[PDB]
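First, one chain by itself in structure tokens, the form deposited in one PDB entry.
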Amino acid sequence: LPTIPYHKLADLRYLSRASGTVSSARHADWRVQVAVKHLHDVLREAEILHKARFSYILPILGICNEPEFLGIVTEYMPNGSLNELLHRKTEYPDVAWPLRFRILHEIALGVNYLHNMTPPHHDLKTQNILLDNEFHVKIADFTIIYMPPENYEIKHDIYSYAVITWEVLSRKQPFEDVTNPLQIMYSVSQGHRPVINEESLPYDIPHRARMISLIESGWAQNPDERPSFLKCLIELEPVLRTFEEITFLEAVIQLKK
């Protein structure tokens, strides 16, 4: 609702791959790049997601309802995932602070929108956080580093958001030294979190203390001791006013081809 004929999807090249395979395609009629995910009803689930229209959630353009093939069609995000921006240090040697804070703001906005829905993400990660043409956040929802302990031992999303905040400010991989994901799950269940020091989070970080407190409270062992998305927004909004609108555009231009 709308139904997209799979034959309308030209040049179906691979993007990412489990839940299904995400592939880039060119719409024959629309003359735009789209993204299509192959699924293994789902039509009812897809319909709930079509009601969700907000500037920071990935727009569902339609559905492929062929018998041999079933899939979800969304917009193609030309700047990939947040994971790619933070970690592809060869492509992105520098990622400006106004843009990093803008992403945090927009994630909190997007998640808070989903939380206020009737009825009200599933599992929030840097790989799900897509970046549009202008590096604006588009969350794409339905790795254990973002999973709160109580989910493997409601306030789930805030735990994920804290890890994403630590990852955005550090550009470090949460549990770098840890190889086996079970060792991560163990340490986390024992109260361990990604390290907070000068090496992980340098002193050059604007509003470092204000950020550290938000991360630390966000990834609290006790779900009840974790802030709301309203409180995050209430904590970021002052830090966002610290920059002029032109600096966000200058930050993005520093990444553009």
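The first residue of the sequence shown is number 1, and the count goes up from there. Just so we're on the same page, rigid core means the largest C-alpha set that superposes within 1.5 Å between forms.
Where the other entries of this protein model the residues before and after it, residue 51 is kept in all of them rather than dropped from a third. Among other compared entries that model residues flanking residue 18, a third or more give it no coordinates. Coordinates are absent for 4 to 9 residues of the deposited sequence placed between residue 153 and residue 154. When 131 to 139 is weighed against 108 to 116, 108 to 116 comes out higher, by mean CA B-factor as recorded in the entry. Of the candidates 35, 32, 57, 42, the deposited coordinates give 42 the top C-alpha B factor. Comparing the C-alpha B-factors of 91, 123, 167, 75 in the entry, the top value falls on 123.
Compared with the other modelled residues of the chain, the Cα B-factor recorded for residue 80 ranks in the lowest third. In this PDB entry, the Cα temperature factor of residue 220 sits in the middle third of its chain's modelled residues.
Among the modelled residues of its chain, residue 239 has a C-alpha B-factor that falls in the highest third, as given in the PDB entry. In this PDB entry, the Cα temperature factor of residue 27 sits in the bottom third of its chain's modelled residues, the lowest group.
Remark: residue 211 belongs to the middle third of its chain, ranked by C-alpha B-factor as recorded.
The form deposited in another entry exists for this protein as well; it is not shown, and the discussion that follows is about that form.
Once both forms are overlaid on the rigid core, the distance between the two CA positions of residue 183 between the shown form and the other one is 2 angstroms or more. Relative to the superposed core, residue 224 undergoes a C-alpha shift smaller than 2 Å between the shown form and the other one.
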